[PDB]
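Residue numbers (PDB author numbering), protein chains in the order written: chain D, 142 to 190; chain Z, 11 to 169, 171 to 195, 197 to 226, 229 to 594, 602 to 890, 892 to 1071; chain P, 829 to 927, 934 to 973; chain H, 436 to 582.
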Amino acid sequence: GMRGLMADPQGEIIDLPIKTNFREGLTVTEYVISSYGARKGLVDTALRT
Amino acid sequence: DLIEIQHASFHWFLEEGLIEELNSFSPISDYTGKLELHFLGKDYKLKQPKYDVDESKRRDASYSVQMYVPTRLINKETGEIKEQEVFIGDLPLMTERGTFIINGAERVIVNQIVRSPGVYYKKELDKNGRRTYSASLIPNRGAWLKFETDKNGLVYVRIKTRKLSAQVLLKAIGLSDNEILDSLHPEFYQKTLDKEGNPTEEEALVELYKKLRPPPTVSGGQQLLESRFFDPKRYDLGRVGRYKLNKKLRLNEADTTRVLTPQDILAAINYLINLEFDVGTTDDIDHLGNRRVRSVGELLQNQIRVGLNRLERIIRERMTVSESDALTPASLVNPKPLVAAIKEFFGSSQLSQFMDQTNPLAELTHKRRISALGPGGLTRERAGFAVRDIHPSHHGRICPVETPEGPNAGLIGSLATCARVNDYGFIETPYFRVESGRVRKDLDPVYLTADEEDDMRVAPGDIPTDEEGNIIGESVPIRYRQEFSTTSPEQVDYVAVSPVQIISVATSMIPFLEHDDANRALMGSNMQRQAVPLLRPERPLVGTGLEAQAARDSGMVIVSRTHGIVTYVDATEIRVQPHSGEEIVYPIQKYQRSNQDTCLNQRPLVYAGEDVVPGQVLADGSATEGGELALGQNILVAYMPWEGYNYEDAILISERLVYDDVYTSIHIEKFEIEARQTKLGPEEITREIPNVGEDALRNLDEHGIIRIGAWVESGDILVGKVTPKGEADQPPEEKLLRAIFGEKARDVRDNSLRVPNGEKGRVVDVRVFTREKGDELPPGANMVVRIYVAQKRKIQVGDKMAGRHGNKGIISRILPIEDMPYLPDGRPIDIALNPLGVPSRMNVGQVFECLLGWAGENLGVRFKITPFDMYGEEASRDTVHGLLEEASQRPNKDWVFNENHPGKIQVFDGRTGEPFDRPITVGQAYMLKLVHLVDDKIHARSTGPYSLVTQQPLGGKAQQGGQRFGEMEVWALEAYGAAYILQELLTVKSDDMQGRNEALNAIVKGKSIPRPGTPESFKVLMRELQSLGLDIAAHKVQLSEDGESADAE
Amino acid sequence: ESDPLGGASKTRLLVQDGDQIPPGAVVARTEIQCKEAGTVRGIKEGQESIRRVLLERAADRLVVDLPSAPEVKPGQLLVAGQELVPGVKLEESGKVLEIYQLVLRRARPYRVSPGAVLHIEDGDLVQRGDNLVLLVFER
Amino acid sequence: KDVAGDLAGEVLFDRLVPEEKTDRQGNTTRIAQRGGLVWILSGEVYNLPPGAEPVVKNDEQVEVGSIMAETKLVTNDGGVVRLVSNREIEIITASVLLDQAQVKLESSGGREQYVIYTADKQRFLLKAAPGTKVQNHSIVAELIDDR
RNA sequence: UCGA
């Protein structure tokens, strides 16, 4: 389906969505937006333990 | 070139960094003024080294050079010039790969990222009140200027200590009342001038001394303020601190770099007052325009600066006690505090790290790491959520994917592919100019230094362009002021030069990166730096094309430089002749030991009589194939669950990977022994050792040392060493046993070097380093023997294997080829992977890789697919399914592609011969073999060594340690009913000198005894609390008796 | 070098070296050139207020020549989307300059919610991409 | 919510009045009780330095490459300008030059000082140093006396 | 520093 609306590293939802998925392939613009949530989900795991 | 932050930094130190440190140190004077000492820094020698690059690694030395400067010692009264070259210190040189050799071990210098010097303003709300603006003038070295602004128009200056009024500092530096208000709006400054008095030029130095140093002195107030910001060799803004002052405050003067100008303090107050008038920009601490990086050329400049300051105290303490003349200038300079300053930075500092040399990918990555820790950076406890996240200014400079997971999640970054650091210490990214909707790809890039945020509009390298005409797309997504937007293509300014500009050099080796998740691409980049070099590597079929550039920049690939004709090629050297002393020899290393117990073997590639070009591969490395890099093998894979053998991330391989020497690596271990000097008697290496017969004295050459090429197993003797003893405290049992059969005990004790448990191999280097041979030895040693043992390890059950997409696993079963499933041509299946881990982790690119490598298997073409496309849905699915249709058009291969199920074929079972009910996806996967083998994880202990104080078992595999039963493990047994297991694990297994003897004697005899004694760790705590002044004791509550119990006695 | 929003700055010296300069005279004269020509607007009424100058070029004024009937008011703001007379529409919003070819100066309106703090005045000059208002809302 | 502009030019207001509700919160606020529409006209905006003066008044036509703003650089209290090889200009208000001035660096005894050998058979030692400041009623030279 |  659709990837959705990702957010900033501070928490602000960007108005530019990611209309593709992991089968169609993301763009270079849609890859750095998805990296904001992957880094946020990574550093929140280490502080959770 | 990918290594420019290490080569250009050490080149700047050898011509600009070392000259600037010696020019500021010179000249020096005495207390009276009799003689003066000044150096000539721009004429140093930098003589030849002592040992070779490979010789310094085995001799336990450092590849260093001696530093000599000419020194002119002049005298004030009597005219005399004493010119003499004096030794300064030992400086380790950078090798051809960009590394240093310290004590025989290769080390790197990790680049550390810190804050840039300058003025930074920040809006701060301390409580629910008014808006307060702060300031911070950060220098390169010295004290800080922190200007704050409270409510009701009160601007204060804080110079760690209590704050003070702004008029106290502004008048003590030397100013008038009319020189302040003319360059200031002055109506806001009247509120802070009312409740501050109005001091004169001399009515402010006294009050400044009373609050900083709490009798005031008119001469003490000037010497205190000048030593903080105006004195040389105590306050430095730096070359980049002057650049940031003239940009933020917009100053006209420049090139000061030494003394803080008092006009700059007035400009920082004027920018702070105007922030309340809604004009001016608030700086960001996480912006890369405010964050600098430093390297070996800068970090060595601070170590000689603190090393020459220790030399200044001895040079001034020798020109005052010796009141006589006729003294040599070579005795005034003591090299001992400066030698120990350089040796502390390269061997004892945290930022000089142990180099990872598993494969050439980890060697290239470790020289480009960007860590935020070090002596002057950050702390592991002071790191927060904002410093570990990704800033929007990291686009193309720092890799957002490659970072280690766990504790250092975000603090240790990696440099990107096209990133470059200038002379000021800022990361730059190349960009192509776009003029009227046309990418000008004709000239050199611009290399913007992160100034495209508030001024320029930057498009990434993903937009469809035409052939020099225009841009195809009508809506171009750009980034402007750290926000993404889609504007017209005629309004853009710059465009990226490559789609791999964001990712690093290790993330770029992953094909189909856009189809994988960002969490699994983090793991796929880390597992690629742990792959062992195999015996015969193979190039990938779905490679990205960047493997050829990373192999040449690693330094382990012999390249040509002469454009000549190859004459002689053997397994040790390659001899060519240069043309437009004409016979150069390229040496080839054969099976050299690495830092991570791997091989560094090089193999010849060229033949005799072949034209070469500058930049051609002459001899590839261990983990390098012809030209490109090769870290694994291309073998068949199938995504099907077996009978529980691939249940939870487990790997099922075949027996064909064992006898074909697939995933077979060579590991070379190194052992160490030393014949030290015992004060009872000198130790020597003999062959006739006591209590060892002919079962272990077969490989010795009547010298106590083994020969070359002897197969050693677990429990042998490498070096037979004896040690004299002087105990003479024999028990009465041993005196009666010896008196019967004779055989009186000798005065020596067997201390022979032995092979540890689970270790075997073939001895390849038995190099012995003794005295009177031309090498230096440590004190308290007579003979140093070094043994190198090489072994050939195959792939077994329990080893950790992984791919390029984060699909790690551990092999649990090796099946024969008749039990594995087979393709309809009769070819069996190597790996039977589990398809359940694919859709839960979004590993889609590993399905695109195996389906494309299977198309390249039947064709033999070795595709090179760059990441981050082209037409949508026409570049990944129809590329794979279109090339699989071309492989099915061959008359011999009609079973490769099917019309109903495209990426699937019919697989037959190997045990029963019946086909499966559903078609299975097959393909050629590229798997790697990691360093986490099953041999390094085996540890067991019955009874070994014990601790020094608590008398508990030790911990470690190399010293026969025991497993720790921590506090979370006690809570599980306390939640159980296991009270007797908990008392056994705490008393008879640890910290009891009496209970361990009776428990071990009970098992051998066969009758166990209950009631263990008091543990030793409680009696240590009892004596420690009594030494703190606390009368703590244990009593008995028995009938009419309250007596203290003696737990120790 | 100067920025793109600044313009072209020149350096010229009125007097040479080795002369008799009177006290209270000019020494250097640095002038600022103009990229595009037009009519200077947005002059400040108060003295000693020189921060930025406006240069309305020829491309900033769109001319629309309708043949049916010119129906416009002096000082009226036209929003693109409405129809003046039946038979023609609009494509660019802005203000009208002259009252048959009606020229339109290009502009873009912005709606401000009531109760919001603004950081702009009436009659000043703005740049491309600066903060103007601060809209407040409840969520 | 930050609302940034897209074009540059003159700011025009439509049915929006400002209000000064000054309180002890931040002491710099301006709210609008009736928020209407704000308009931004078109035109190129060129910023000026704070020391420059605008020589073009309102409703004046400009040409391509003409003069827009001339900076008035007036340095009073100076009569003679002197420069050989430098970047910043320097003006000199007073200059003195005594007759028969001949200095010589004949200081073989101790430290190097420029002894002024004038035509009146006098040797003046330069007590002042090249590079330091001098004030009113200061010592600049001192002659050597055999008596 | 690196694995879970």
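A virtual CB, placed ideally from N, CA and C, is assigned to each residue, including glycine.
Sequence-ordered contacts of the stretch 536 to 551 of chain H with chain P are nonexistent [C-beta pairs closer than 9 Å].
In the structure shown, residue 666 (chain Z) falls within a coil segment according to DSSP collapsed to helix, strand and coil.
Rounded to the nearest whole angstrom, the CA to CA distance from residue 676 (chain Z) to residue 837 (chain Z) is 5 Å. Sequence-ordered contacts of the stretch 443 to 459 of chain H with chain P read 443, 444, 445, 446, 447, 448, 449, 451, 453 [C-beta pairs closer than 9 Å]. For residue 82 (chain Z), none of the residues of chain H pass the 8 Å Cβ criterion, the least Cβ distance being about 17 Å.
Residue contact check for residue 571 (chain H) against chain P: no CB pair falls below 8 Å. One finds 447, 474, 476 in chain H with Cβ atoms closer than 8 Å to the Cβ of residue 923 (chain P), taken in chain order.
Of the other Cβ atoms in all chains shown, 16 or more fall within 10 Å of the Cβ of residue 49 (chain Z); this residue is therefore buried.
Contact between residue 316 (chain Z) and residue 251 (chain Z) fails: their C-beta atoms lie close to 15 Å from each other, not under 8 Å.
Segment contact: the stretch 11 to 24 of chain Z against the stretch 897 to 909 of chain Z, fewer than three CB-CB distances shorter than 8 Å; contact not assigned.
In the displayed model, residue 160 (chain Z) falls within a strand according to three-state DSSP. Under the Cβ criterion of 8 Å, residue 213 (chain Z) is not counted among the residues facing chain H. If you ignore the 5 residues before and after residue 100 (chain Z), its C-beta comes within less than 6 Å of the C-beta of 74, 353, all in its own chain and listed in chain order. Taking a C-beta cut-off of 9 Å against chain H, the contacting residues of the stretch 269 to 301 of chain Z are 290, 291, 292, listed in chain order. The beta carbons of residue 158 (chain Z) and residue 168 (chain Z) sit about 6 Å from each other, so the pair counts as a contact at 8 Å. Residue state for residue 813 (chain Z) is assigned as strand, using DSSP reduced to three classes. Rounded to whole angstroms, residue 46 (chain Z) and residue 564 (chain H) show a C-alpha spacing of 20 Å.
Interface residue (Cβ-Cβ distance to chain H less than 8 Å): residue 140 (chain Z) is classified as such. Around the beta carbon of residue 1055 (chain Z), fewer than 16 other beta carbons sit within 10 angstroms, so the residue counts as exposed.
Residue environment: residue 922 (chain Z) is assigned as exposed (fewer than 16 neighbouring CB atoms within 10 Å of its CB, all protein chains considered).
When secondary structure is reduced to three states using DSSP, residue 544 (chain Z) falls in the helix class. In this structure the stretch 848 to 862 of chain P lies against the stretch 507 to 524 of chain H, because at least three pairs of beta carbons, one per stretch, are closer than 8 Å. With a threshold of 16 other beta carbon atoms within 10 Å, residue 661 (chain Z) meets it and is buried. For residue 576 (chain Z), the closest C-alpha among the options Z:633, Z:840, Z:510 is that of Z:633. The DSSP-derived three-state label of residue 732 (chain Z) is strand.
Under the three-state reduction of DSSP, residue 277 (chain Z) is assigned to helix. Per DSSP, reduced to three states, the secondary structure at residue 100 (chain Z) is strand. DSSP places residue 178 (chain D) inside the alpha helix (DSSP H), whose first and last residues are 169 to 189. Under the Cβ criterion (8 Å, minimum of three pairs), the stretch 791 to 798 of chain Z does not count as touching the stretch 504 to 514 of chain Z. The bridge partners DSSP lists for residue 471 (chain Z) come to none.
Taken atom to atom, the span from the alpha-carbon of residue 176 (chain Z) to that of residue 148 (chain Z) is near 20 Å.
Beta-bridge partners assigned by DSSP to residue 620 (chain Z): Z:614. Close to residue 843 (chain P), with beta-carbon spacing below 8 Å, are these residues of chain H in chain order: 516.
When the five nearest sequence neighbours on each side are left out, the beta carbons in the same chain lying within less than 6 Å of the beta carbon of residue 490 (chain H) are those of 505, in order along the chain. Within its own chain, the residues whose Cβ lies closer than 7 Å to the Cβ of residue 1037 (chain Z), once the five positions on either side in sequence are excluded, are 1008, 1009, 1013, 1014, listed in chain order. Distance from the CA atom of residue 909 (chain Z) to the CA atom of residue 484 (chain Z), rounded to whole angstroms, is 37 Å.
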